[PDB]
Each structure stands twice: as structure tokens, then as C-alpha cells.
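>>> Please work out how this folds:
(3 chains)
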Amino acid sequence: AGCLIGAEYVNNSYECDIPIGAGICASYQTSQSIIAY
Amino acid sequence: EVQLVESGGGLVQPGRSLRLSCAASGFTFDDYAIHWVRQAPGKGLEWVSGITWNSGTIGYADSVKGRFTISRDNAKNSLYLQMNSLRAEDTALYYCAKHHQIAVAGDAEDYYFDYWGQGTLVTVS
Amino acid sequence: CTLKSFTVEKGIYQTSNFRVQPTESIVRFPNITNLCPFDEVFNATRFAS
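Residues are numbered from 1 along each chain as shown, chains lettered A, B, ... in the order given. Dropping the coordinates below:
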């Protein structure tokens, strides 16, 4: 969907919280930082 | 090919004025020098004057300074010569000769005739 | 600034558009050929009047 600068990509699967695009969804989980899954 | 038509000439009284003309036909009247050179009957020739490709006087003889005036016309493609104060020693066949070289910018001063005409009998008596 | 409020919610908000900007200038034209006849009109030999 482009270049996502500011969040890491965890290898886990959760429910979509913020639709990023092309199956990527961002959330704010736990230290607290935006993740991508 | 080259047709240098010469006009002007006849019987005039000593001291009058006249205008001779030489018209070119066949080549371009922008890159060739043209000279007027008289020729006495059976007594050789004598160079009168000449003009280069542009409007430029090259000089005269030691007895025609101040009396003759040569001019060029690139609009009508003709070389004109006005004569003043004609004397008894001015009876000759004035020939209109051309130049062979193209007269490039940077060269040496060396002009020579390539084509000749017929001449006009300009008698003064 | 785009939402016109000091309270953003949770989601994606389109704010602007990236645009890489130039870093130079190029003015290209062909070679020279067939120079104009200015060498015999400014560097002539003799004039008439």
C-alpha cells in the first residue's frame, strides 16, 4: 500500500483495528508502540 | 552562361560627362569582383578601376584619380562608372571583366580576370 | 490541522501528499553548424564610401 514508516511488523495475527491496506492492519498494543500485522 | 552586357558609349565633346553600365547575367552578383579595364586600339590594355563582391573600391591609376567614380548595385546587379573631364587620351575600349575566386574573408590581395566582354567605343574628340 | 480540532480519533487520516522536488536545471540544445556569414562582413578588407 506504500511505505509504512513508524511501526513494526509483528508476526502474530489479531483482529483489524486500523485498516492500512492489502491485508495490513495497525493497532496499539504492548512499552506501547504502534504495530502492524 | 555569363552575359556581361555593357552599355554606354559614343561621341562626346572633351570635358563632358557620361555613365557606363555593366550588367551581369548567369551568376550571383554577391560573391564576385568586377573590374573596368580599358584597351587602346593596338596599344595594349590599361586597368581603370574595380569593385570587389561587396561595395568596395580597390583603387585607381595614376592619371584617373578624382575624375572617375565607380559604383556597385546589388539590388539591380549592375556596375556603373561615371566619368568626368574627358580628354584626348581617354579613347579606348572599356572592358568589363569578372573575377574567378569567391573572395573569401581571410586571404591575400590577389585579383585576376576570368571572363571578358565586348567593350564600348567611347570616343572623345 | 486538517480535522480542525484538538482531538484526533483512532484511524487513518489523509493529511497531505508527498512530492520530491527538483534538484537542478538542464537546458539542452543541439550543436552548432553552418555558421552565419559574419566573418567577411565584420573583417572585410576595403569599403567604397
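
>>> contacting residues for residue A:30?
For residue A:30, no contacting residues are found, by CB atoms under 8 Å, 6 or more residues apart in numbering or on different chains. Using the backbone N, CA and C atoms, a C-beta is placed for each residue, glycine as well.

>>> burial of the residue of chain C found nearest chain B, as a residue count?
Residue nearest to chain B within chain C (CB to the nearest CB): residue C:40, separated by 3.8 Å. If you count neighbours by other CB atoms under 10 Å in any protein chain shown, residue C:40 ends up with 16.

>>> can I assume it is in contact with residue B:56?
No - here residue C:40 lies out of contact with residue B:56, judged by CB atoms under 8 Å, at a distance of 11.1 Å.

>>> List the residues that contact residue B:59.
residue B:49 are the contacts of residue B:59 under CB under 8 Å, 6+ apart.

>>> about what we covered before: quick check: closest non-adjacent residue to the residue of chain C closest to chain B.
residue B:105 (3.8 Å; CB to CB, 6 or more residues apart in numbering or on different chains).

>>> so how far is chain A from the one you found?
64 Å (CB to the nearest CB, to the nearest Å).

>>> wait, that residue sits on residue B:54?
No - applying CB under 8 Å as the test, residue B:105 and residue B:54 come out as separate, 10.9 Å apart.

>>> Looking at those two now, which is surrounded by more residues?
residue B:54 (18 against 13).

>>> So for that one, what's the nearest residue that isn't a sequence neighbour?
Nearest one to residue B:54, counting by CB to CB, 6+ apart, is residue C:44 at 6.5 Å.

>>> distance of that neighbour from residue B:123?
38 Å (CB to CB, to the nearest Å).

>>> And for residue B:2?
Applying CB to CB to residue B:2 and residue B:123 gives a distance of 27 Å.

>>> what does residue C:24 give?
From residue C:24 to residue B:123 the distance is 80 Å (CB to CB).

>>> Of the two, give the one with the bigger neighbour count.
More crowded of residue C:24 and residue B:123, by other CB under 10 Å: residue B:123, with 13 against 4.

>>> Helix, strand, or coil at the more buried one?
strand (DSSP: H, G, I helix; E, B strand; the rest coil).

>>> what residues does chain A put near chain C?
A:17-20, A:28 (CB under 8 Å from any CB of the partner chain).

>>> Going along the chain, name the strands of the chain.
Because you didn't say which chain, this covers chain A. A:8-9, A:18-21, A:24-29, A:33-36 (DSSP state E).

>>> That was the other one, I meant chain B.
B:5-7, B:11-12, B:18-23, B:34-39, B:45-51, B:68-73, B:78-83, B:92-97, B:120-124.
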